[PDB]
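Take a look at this single chain in structure tokens; it is the form deposited in one PDB entry.
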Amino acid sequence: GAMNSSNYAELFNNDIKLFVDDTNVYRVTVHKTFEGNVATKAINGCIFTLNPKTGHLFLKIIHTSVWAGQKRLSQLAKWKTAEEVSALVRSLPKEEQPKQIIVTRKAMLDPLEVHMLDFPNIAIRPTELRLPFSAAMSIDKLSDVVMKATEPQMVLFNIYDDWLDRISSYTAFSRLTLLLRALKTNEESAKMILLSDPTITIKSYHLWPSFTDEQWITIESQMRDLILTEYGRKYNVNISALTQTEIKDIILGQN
């Protein structure tokens, strides 16, 4: 069945599950040449495959060469996504194999079901949840590795850095989704917030800066304010006249 706000809690039990988002697999740039010709140029993309309990992100980099000689790349991208998720599953010992794969887009259901036919006890599930994983390319570290790739590459990240040392998976996933929603809403403002003051540093191998628990609470409050402010501007709405419940609803992005 579909994952929704009602059965969301299940994400934080011990059953291994993977989110798969295909939004950034096939990406293009458009630029006008001097001659006036519009060149549509494929750029390196990625499959966002995330374990929300552990933070493990299997970032399969889709190098532009995969599109070589192929037609109707938007359809092909869905199948190449399912192919690579399948390969990943097959690479894992049965212990580490997911019990569920949750696709963020409904169009990914069929290609993944077909690829995973031989895995009878891996549930392929759609979601009614609105999730901001398309904003993964707003995270500089991820965007940089994708662009630098000269060939198909699998890169393993922890999207929670070292947070699980201090906080639960639910708190970590809540922080992650708030950050991505902010980045998606106003990328420039969110990045200004994360850069913080001159005392804050980011580890060379982390995605996010090194904040204290108290600092993270403040950063998260700024992220909530960024989203509300945009909402406020967009709809000419007095965000100070909103109840705490109304504000929480907006922040969680489920419409």
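Heads up: residue numbers just count along the shown sequence, starting at 1. If you superpose the two forms and keep the largest set of C-alpha atoms that fall within 1.5 Å, you have the rigid core.
A second form of this protein, the form solved in complex with a partner chain, is not displayed here; the remarks below concern that form.
For this session: Tell me, please, which stretch of 180 to 188, 164 to 172, 151 to 159, 91 to 99 lies within 4.5 angstroms of its partner chain in the entry with it bound when heavy atoms are compared?
Result: This holds for exactly one stretch, 180 to 188.
Exercise. Does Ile217 reach its partner chain in the entry with it bound if we count a contact as any heavy atom within 4.5 Å?
Worked result: No, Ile217 is distant from the partner.
Exercise. With the partner left out of view, is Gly69 within 4.5 angstroms of its partner chain in the entry with it bound by any non-hydrogen atom?
Worked result: No - in the entry with it bound, heavy atoms of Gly69 and its partner chain never come within 4.5 Å of each other.
For this session: Would you check, heavy atoms only and a 4.5 Å threshold, whether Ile200 touches its partner chain in the entry with it bound?
Result: Close contact is absent here: in the entry with it bound, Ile200 is far from its partner chain, nothing within 4.5 Å, heavy atoms only.
Problem set entry | 4.5 angstroms heavy atom contact with its partner chain in the entry with it bound for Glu128 | Although its partner chain is absent here, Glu128 would stay clear of it in the entry with it bound, with no heavy atoms inside 4.5 Å.
Exercise. When you overlay the rigid core, is the Cα of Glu214 off by 2 Å or more between the shown form and the other one?
Worked result: No; that C-alpha moves by less than 2 Å between the shown form and the other one.
Exercise. Would you say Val237 moves its Cα by 2 Å or more between the shown form and the other one, aligning on the core?
Worked result: Indeed, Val237 is displaced by 2 Å or more.
Exercise. Taking the rigid core as the frame, does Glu246 move its C-alpha by 2 Å or more between the shown form and the other one?
Worked result: Yes, the C-alpha moves 2 Å or more.
For this session: Taking the shown form as the reference, report whether the CA atoms of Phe34 and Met147 lie closer or farther apart in the entry with it bound; the distance changes by 3 angstroms or more.
Result: The answer is farther, because the C-alphas of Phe34 and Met147 separate from each other in the entry with it bound by 3 Å or more.
For this session: Quick one: in the entry with it bound, is the Cα gap between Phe19 and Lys248 smaller or bigger than here? Answer closer or farther; it shifts by 3 Å or more.
Result: Those two alpha carbons end up closer in the entry with it bound.
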